[PDB]
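Read off the chains here:
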Amino acid sequence: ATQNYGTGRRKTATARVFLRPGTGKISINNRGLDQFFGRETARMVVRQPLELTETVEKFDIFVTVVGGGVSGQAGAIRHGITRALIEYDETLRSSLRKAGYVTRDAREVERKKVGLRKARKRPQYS
Amino acid sequence: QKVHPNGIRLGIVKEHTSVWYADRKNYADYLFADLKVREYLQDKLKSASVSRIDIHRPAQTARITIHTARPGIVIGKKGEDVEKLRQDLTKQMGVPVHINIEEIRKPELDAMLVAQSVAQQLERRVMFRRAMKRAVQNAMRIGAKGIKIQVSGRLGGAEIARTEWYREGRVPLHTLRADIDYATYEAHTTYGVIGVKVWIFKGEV
Amino acid sequence: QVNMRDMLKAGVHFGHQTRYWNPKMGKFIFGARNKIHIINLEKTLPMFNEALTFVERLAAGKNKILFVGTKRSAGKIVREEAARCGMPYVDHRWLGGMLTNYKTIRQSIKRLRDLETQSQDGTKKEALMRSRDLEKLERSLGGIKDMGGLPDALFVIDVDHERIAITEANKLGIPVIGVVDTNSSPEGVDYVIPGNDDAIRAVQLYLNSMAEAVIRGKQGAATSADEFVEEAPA
Amino acid sequence: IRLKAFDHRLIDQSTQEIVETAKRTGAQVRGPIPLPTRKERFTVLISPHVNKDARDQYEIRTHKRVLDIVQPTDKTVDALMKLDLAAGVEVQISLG
RNA sequence: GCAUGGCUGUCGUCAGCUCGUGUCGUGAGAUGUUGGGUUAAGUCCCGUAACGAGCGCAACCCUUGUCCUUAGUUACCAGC
Ligand SMILES: [Mg+2]
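This deposited entry lists cryo-EM as its structure determination method and 3.34 Å as its resolution.

Peer 1: Give me a positive patch on the surface: which residues, what numbers.
Peer 2: On the surface, a cluster of positive charge is made up of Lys112(A), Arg117(A), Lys118(A), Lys121(A), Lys52(D) and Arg55(D). The residue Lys118(A) is located in the segment after α5 (94-97) in this model. By relative accessible area, which is 51% here, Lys118(A) ends up exposed.

Peer 1: Would you mind going over the pattern of salt bridges in detail, with residue names and values included?
Peer 2: A side chain of one charge can pair with a side chain of the opposite charge when the charged atoms of the two come close. Tallying each qualifying case throughout the model produces 19 salt bridges over all chains. When the shortest N-O distance is used, the salt bridge between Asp105(A) and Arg107(A) registers 2.5 Å. According to the relative accessible area criterion, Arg107(A) is exposed, its value standing at 60%. Where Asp7(D) meets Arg9(D), a salt bridge forms, and the shortest distance between an N and an O atom there is 3.5 Å. For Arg9(D), a relative accessible area of 30% gives the class partly exposed. In the salt-bridge network here, residues are joined through shared partners; they are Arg10(A), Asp105(A) and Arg107(A).

Peer 1: Requested: an account of the domain arrangement of chain C, with residues and values cited.
Peer 2: Residue and element names in this part refer to chain C. In terms of domain boundaries, chain C breaks down into domain 1 (27-94 + 153-234) and domain 2 (95-141). Here domain 1 and domain 2 have C-alpha centroids that lie 29 Å from each other. Buried area between domain 1 and domain 2, summed over both chains or domains, comes out near 860 Å², and the portion from carbon and sulfur atoms is 62%. The largest per-residue losses of area from domain 1 upon contact with domain 2 belong to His92, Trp94 and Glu168, which jointly make up 56% of the total buried on that side. Our count for the domain 1 to domain 2 interface comes out at zero salt bridges. When grouped by side-chain class, the residues that make up the side of domain 1 that touches domain 2 number five nonpolar, one polar and four charged.

Peer 1: With reference to specific residues and values, describe unusual backbone geometry.
Peer 2: Residue and element names in this part refer to chain C. The backbone of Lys35 sits at a positive phi, close to 60°, despite the residue not being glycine. As for its position among the elements, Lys35 is in the loop between β1 (29-31) and β2 (38-39). Look at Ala83: it is not a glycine, yet its phi comes out positive at around 60°. Residue position: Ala83 is located in the loop between α3 (76-80) and α4 (102-118).

Peer 1: Provide a residue-level description of the protein's contact with RNA strand E, including the pertinent values.
Peer 2: Looking at RNA strand E, there are 47 residues lining it, with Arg104(A), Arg93(C), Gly96(C), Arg111(C) and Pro32(D) nearest. Each atom of RNA strand E within 4 Å of the protein was classed as base or backbone; sugar and phosphate made up 76%. For the surface near RNA strand E, the secondary structure elements donating two or more residues are β2 (13-21) of chain A, β9 (193-198) of chain B together with α4 of chain C. For the surface near RNA strand E, the residue count by class is 14 nonpolar, 16 polar and 17 charged.

Thresholds applied
- Within each chain the first residue of the written sequence is number 1 and the count goes on from 1 in that order, possibly differing from the entry; residues lacking coordinates are omitted.
- A letter from A marks each chain and a number from 1 marks each ligand, given out in the order of writing.
- The displayed chains are a subset of a larger assembly; all values refer to this subset.
- For the side-chain quantities, the full set of heavy atoms in the structure was used; hydrogens and water were omitted.
- Residues with missing side-chain atoms are left out of burial classes, side-chain pairs and their counts.
- Each patch is built from residues that are more than 30% exposed by relative accessible area and take part in no salt bridge. Like charges join if they lie within 9 Å; nonpolar side chains (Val, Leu, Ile, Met, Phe, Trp, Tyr) join within 5 Å.
- Method for areas: the Shrake-Rupley scheme with a 1.4 Å probe, in which residue coverage is limited to the protein chains shown.
- Salt bridge criterion: a side-chain nitrogen from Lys or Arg within 4 Å of a carboxyl oxygen from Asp or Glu.
- Charge assignment in this entry is limited to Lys and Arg as positive and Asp and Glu as negative, and neither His nor the chain termini are counted.
- Here the site of a charge means atom NZ of a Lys, CZ of an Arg, CG of an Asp or CD of a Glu.
- Strands here are runs of E lasting at least two residues and helices are runs of H or I lasting at least four, both read from the DSSP assignment and numbered beginning at the N terminus.
- Note on classification: 1.4 Å probe, protein chains only; a residue is buried when its accessible area is under 20% of the maximum for its type, exposed when over 50%, partly exposed between these limits.
- Domain segmentation is taken from an automatic or database assignment of domains.
- Buried surface area refers to the total accessible area, computed with a probe of radius 1.4 Å, that the two partners give up upon joining, counted for both partners together.
- Three residue categories are used. Nonpolar comprises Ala, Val, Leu, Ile, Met, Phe, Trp, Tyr, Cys and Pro, charged comprises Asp, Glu, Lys and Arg, and polar comprises the others, including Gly.
- One heavy atom suffices: a residue is near a molecule or strand as soon as one of its heavy atoms comes within 4 Å of it.

Printed below as a string of structure tokens:
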């Protein structure tokens with residue numbers, strides 16, 4: 001059919017993104033988009049790959065995201081929807097490889113090592 | 001300094017000497033059995049050289065495979081020691097005990113068997129090097145591709161802690177792919193305590 | 001060969017210069033025309049013919065003759081008029097210690113006897129990691145496929161370039177067939193050839209005599225290989 | 001059926017010793033399902049007299065593994081339990 | 001703990017440290033291991049009285065990041 005499955009992970013988050021033709025229906029975990037992400041700039045960051053590919057009005061969007069942090073789930077959707085947009089063709093492939101959206105951000109947290117206190121901070125001597 | 005050459009390869013080269021699953025309520029009641037078995041058996045089998053004592057636990061009892069390079073000393077006149085110990089391993093380890101004995105053909109290619117002979121020679125007042133130049137070439141006529149033997153201790157002197165070091169062949173130690181034996185048996189002379197280390201290198205992969 | 005116009009046309013007579021000079025060689029000189037030394041023309045060919053007399057004397061006696069003198073410029077005639085079953089040769093720089101350290105070279109020819117056959121199989125770059133080393137071993141150990149014994153005839157084409165092999169020869173006592181020049185010293189070489197190494201014609205007309213005298217030595221050895229078993233012409 | 005052992009070169013190599021040796025006898029047994037793994041870290045000090053910042057840390061694992069029958073009609077695996085236990089596998093039975 | 005074995009710190013995860021045979025030196029030595037280029041690296045290439053070999057560095061191990069196959073309860077809810 002026209003249902004399109006999109007996943008995306010960033011900072012231990014995971015978002016199921018479904019994409020199908022509709023009229024601006026943006027719903028996440030049975031919540032509105034302005035209601036879910038309370039008072040942040042990432043309310044527009046989830047639209048940034050969408051408005052780049054000039055399809056902001058032409059699809060239903062159904063998002064289910066689990067785990068992660070507050071602004072880590074918003075990055076999971078942004079990576080998640082870019083994989084769902086490229087199930088169509090590779091016309092928007094070059095519009096997103098150049099945009100720097102398709103690559104999953106590999107930067108994950110680092111473990112505490114013995115002798116040190118943080119991942120790299122160490123106590124003071126004299 | 002030179003982390004133990006079994007503890008880095010439990011996995012890619014060798015396996016444990018004892019396999020049994022235990023719950024968290026009986027895990028520390030099978031270890032104290034299996035650690036005073038090995039102190040018992042080696043004090044009895046001081047002769048008839050022993051390299052490895054494996055222990056399996058099947059359903060609810062036991063199994064033990066004692067390895068000697070001279071099984072006829074232990075099985076003497078059809079198990080006069082086998083059934084005698086099997087009565088008395090149950091007195092330390094309340095389950096019924098199996099005892100099984102294999103051979104260690106090529107006894108000069110396992111490190112425990114070699115290093116027990118070094119303590120024997122160096123307590124007969126044999127020279128510290130004539131004992132060991134002959135204990136490496138004999139273990140190079142047949143078998144291995146590299147041998148290190150370190151002999152450290154008093155070495156007869158007054159206030160002397162020197163280390164003999166002799167090597168032949170190839171011995172890697174930072175390759176996890178390889179296959180290395182290791183053993184430390186000691187020696188009590190009429191003065192001082194001599195410790196001997198052995199690094200028999202068999203074939204790789 | 002023994003012809004005089006072979007000596008005149010090849011460019012034998014001329015030397016290096018007048019300041020590059022050695023008076024231990026100066027007995028065998030003729031003049032100093034136009035600041036370039038002219039070698040003697042009349043004492044060469046009695047010495048040159050008697051050199052080939054003892055080449056042929058060895059060549060029918062079941063032994064080896066070694067050709068050296070690797071210069072990349074004019075040593076290709078040594079690459080060309082050799083490589084047959086009775087004469088080893090060399091292609092790269094003479095290794096420091098070959099006649100005297102021959103026990104090591106017996107161990108290093110063990111790699112040579114495998115990596116030709118080992119390229120039957122040919123991962124991807126791992127084949128190139130070992131087929132690269134076949135080029136260097138071909139460059140140096142390739143000319144020697146013989147093993148066993150020591151060569152009974154060292155034919156040095158240039159004495160001033162290789163004092164290494166002459167020293168290692170006289171430690172063992174093997175004959176050295178040297179070709180000296182004006183500037184090089186006539187000491188260490190056994191059967192001298194007071195010639196020149198400054199033309200492609202002179203380096204070729206010294207060597208057509210040598211590889212032909214061993215063919216007739218092999219033709220003499222084939223004449224004498226029946227003498228080894230049968231006694232009627234022996 | 002549930003299985004507990006200490007290394008995946010036994011416990012995931014004894015399920016085929018049960019899946020093949022029960023589906024042969026007619027009854028349907030589905031594919032085994034993995035579970036989460038027990039992981040226990042043990043950081044121990046290494047020097048006899050003290051030097052604190054030299055340490056060494058180990059880890060003991062426990063692999064779990066769950067089978068699933070469909071139609072129970074075979075007591076064949078009930079006799080073949082001493083076969084399917086080899087060295088360190090424990091099998092609690094849940095014959096679904 | 002200056003009679004010692006065992007076990008750990010340290011220089012320092014720093015790129016070094018040695019041997020066989022050979023030649024030079026009356027000898028202690030030295031050469032290989034220096035030169036040009038290059039490298040996280042005695043890592044490589046070209047050179048060269050040295051030719052080789054070992055320890056090390058690299059890789060072999062673990063984990064994290066992409067996809068594929070095998071698997072669906074206690075996990076999973078797109079379709080019903
Ligand atoms: Mg150095």
